[PDB]
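**Q** Structure provided below as structure tokens; questions to follow.
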Amino acid sequence: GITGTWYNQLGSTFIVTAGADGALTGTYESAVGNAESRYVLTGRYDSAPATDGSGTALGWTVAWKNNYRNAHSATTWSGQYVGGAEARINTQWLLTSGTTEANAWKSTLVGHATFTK
Amino acid sequence: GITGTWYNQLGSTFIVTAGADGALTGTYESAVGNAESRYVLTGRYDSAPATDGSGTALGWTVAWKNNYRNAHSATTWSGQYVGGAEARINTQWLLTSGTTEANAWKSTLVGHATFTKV
Amino acid sequence: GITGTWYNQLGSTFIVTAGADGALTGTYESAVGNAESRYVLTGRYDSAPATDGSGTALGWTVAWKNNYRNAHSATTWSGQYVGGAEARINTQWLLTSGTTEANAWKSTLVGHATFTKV
Amino acid sequence: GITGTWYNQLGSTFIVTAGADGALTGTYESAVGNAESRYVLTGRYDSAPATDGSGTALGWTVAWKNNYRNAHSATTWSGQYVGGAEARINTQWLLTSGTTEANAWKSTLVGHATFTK
Ligand SMILES: O=C(O)CCCC[C@@H]1SC[C@@H]2NC(=O)N[C@@H]21
Ligand SMILES: O=C(O)CCCC[C@@H]1SC[C@@H]2NC(=O)N[C@@H]21
Ligand SMILES: O=C(O)CCCC[C@@H]1SC[C@@H]2NC(=O)N[C@@H]21
Ligand SMILES: O=C(O)CCCC[C@@H]1SC[C@@H]2NC(=O)N[C@@H]21
């Protein structure tokens with residue numbers, strides 16, 4: 001289902017394991033930004049979705065600090081999984097960077113992304 | 001810093017532990033919506049912030065299924081921690097519900113919130 | 001550039017004129033939600049863009065009251081125009097409904113949309 | 001009601017006239033950003049709100065080009081007006097700047113603001 005290797009249009013990649021648990025654990029690699037190599041991810045999802053043909057709700061977080069680099073920032077993704085012969089995940093995202101109290105009005109970016117398996 | 005008990009002015013509350021490894025682990029109790037009791041939370045944060053006076057970036061997720069009910073929905077929170085005499089967490093949030101293909105245009109709310117400690 | 005007729009893949013459509021004075025003026029017809037017929041639109045855009053290959057920034061608003069019905073709600077669209085052989089407008093949107101003080105936490109949806117011309 | 005002079009916590013100011021019309025027209029001055037002096041604004045609002053004690057829906061747009069400066073960007077505000085002895089307007093905002101197709105993933109900021117009269 002959700003478990004496996006997914007891609008986006010920018011060329012970023014992410015690998016996940018989805019547990020019975022309702023938990024999401026894995027790594028993310030960004031093709032853009034002040035980022036190099038792989039980063040740790042964690043999240044949650046609805047493990048008992050409805051039957052009516054609606055999608056499956058989920059979300060996950062990434063902080064941009066690893067052994068090579070630290071951007072002093074973090075992104076969260078919110079969306080849903082749609083299954084079938086051509087599975088996808090549709091999301092919207094927020095990225096916050098640390099700032100002074102003075103610069104806080106410009107700390108946060110918003111965008112959206114589709115991943116496919 | 002972050003480790004402790006926090007609240008927002010809706011009356012919602014959460015408890016968290018921040019580790020040296022960059023994780024966030026705890027549980028959340030909502031005062032509004034289709035929810036009762038405690039729900040699992042997980043996330044990440046910047047464990048080595050700049051020292052120029054800027055805040056510490058973080059995020060976390062909750063999915064609204066526990067032993068008592070399932071709302072078929074999830075929320076993510078994005079923002080930063082600001083410490084000192086009056087420590088706060090300032091965030092923006094996204095809530096997504098599972099909808100059919102036709103109704104996806106109205107599946108996601110956006111909002112903001114300030115939490116205060118102790 | 002912008003002046004003309006545009007659509008999104010929900011089937012919604014709008015007509016607009018962009019003036020030398022920086023205004024946007026037209027009307028919008030929605031294919032979904034609590035809406036029938038045409039609604040008034042107004043906005044602004046960058047009338048003197050950079051020439052490095054970047055897009056042209058703009059925005060517009062619609063309030064969902066006309067002669068036939070009133071939904072007690074409004075939407076704003078924020079984004080940019082990209083011209084050439086295949087011209088597009090790429091946006092993100094906010095829809096706010098009038099709620100009581102208690103329900104304000106769930107008054108606003110967020111979404112995105114790409115429009116295509118002619 | 002909505003007509004008059006409003007302020008925010010940053011020290012930005014805006015003056016509006018709200019017509020029978022359902023229209024919003026005025027100017028905005030920013031205390032932050034790549035901005036100097038006053039800018040033209042336009043928008044719409046619900047001129048026949050419900051009676052139940054819910055607020056009044058509205059929105060407005062600003063492009064950051066005037067006779068002194070041009071930032072190549074625009075902000076839109078979405079929210080509602082709440083009347084009484086202590087009137088306010090509560091909103092959320094999006095700011096887009098022009099970018100290349102390559103840099104589009106970071107074109108848009110999001111935040112929120114309360115104004116009082
Ligand atoms: O520059 C930073 O602050 C760190 C890299 C940010 C990467 C972002 S997260 C949203 C978007 N989607 C991606 O795959 N990468 C960028
Ligand atoms: O109704 C649901 O779908 C689940 C409960 C949602 C609770 C929300 S999350 C945003 C807001 N902030 C809170 O503390 N509670 C509500
Ligand atoms: O139902 C309402 O409150 C008024 C109609 C809303 C229509 C929305 S605006 C976002 C989305 N894009 C469209 O073209 N139509 C819907
Ligand atoms: O720097 C720019 O691109 C132009 C100035 C941006 C001003 C923004 S709009 C959101 C926020 N609220 C304000 O009063 N000012 C800033």
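Heads up, residue numbers simply count up from 1 along the chain you see.
Placement of Cβ uses the backbone N, Cα and C atoms for every residue, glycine included.
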**Q** Given that Swiss-Prot lists C:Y39, C:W77, C:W93, C:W105 as binding biotin, which residue among C:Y7, C:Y28 does it place in the same site?
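**A** Candidate listed by Swiss-Prot for the same site: C:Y28.
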**Q** How big is the biotin site in terms of the longest C-alpha to C-alpha distance among C:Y28, C:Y39, C:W77, C:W93, C:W105, in angstrom?
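**A** Largest Cα to Cα distance for the biotin-binding set is 28 Å.
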**Q** Under a three-state reduction of DSSP output, how is C:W77 (biotin binding site) classified: helix, strand, or coil?
**A** strand
**Q** For C:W105 (biotin binding site), what is the tally of other C-beta atoms lying within 10 angstroms of its C-beta?
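**A** Taking every protein chain into account, the count is 19.
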**Q** Far apart in sequence but close in space: which same-chain residues, 6 or more away, have a Cβ under 8 Å from C:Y28 (biotin binding site)?
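**A** Those within reach of C:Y28 (biotin binding site), by Cβ under 8 Å and sequence separation of 6 or more, are C:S12, C:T13, C:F14, C:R38, C:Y39, C:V40, C:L41, C:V62.
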**Q** So how many other Cβ atoms are close to C:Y39 (biotin binding site), meaning within 10 Å of its Cβ?
**A** 22
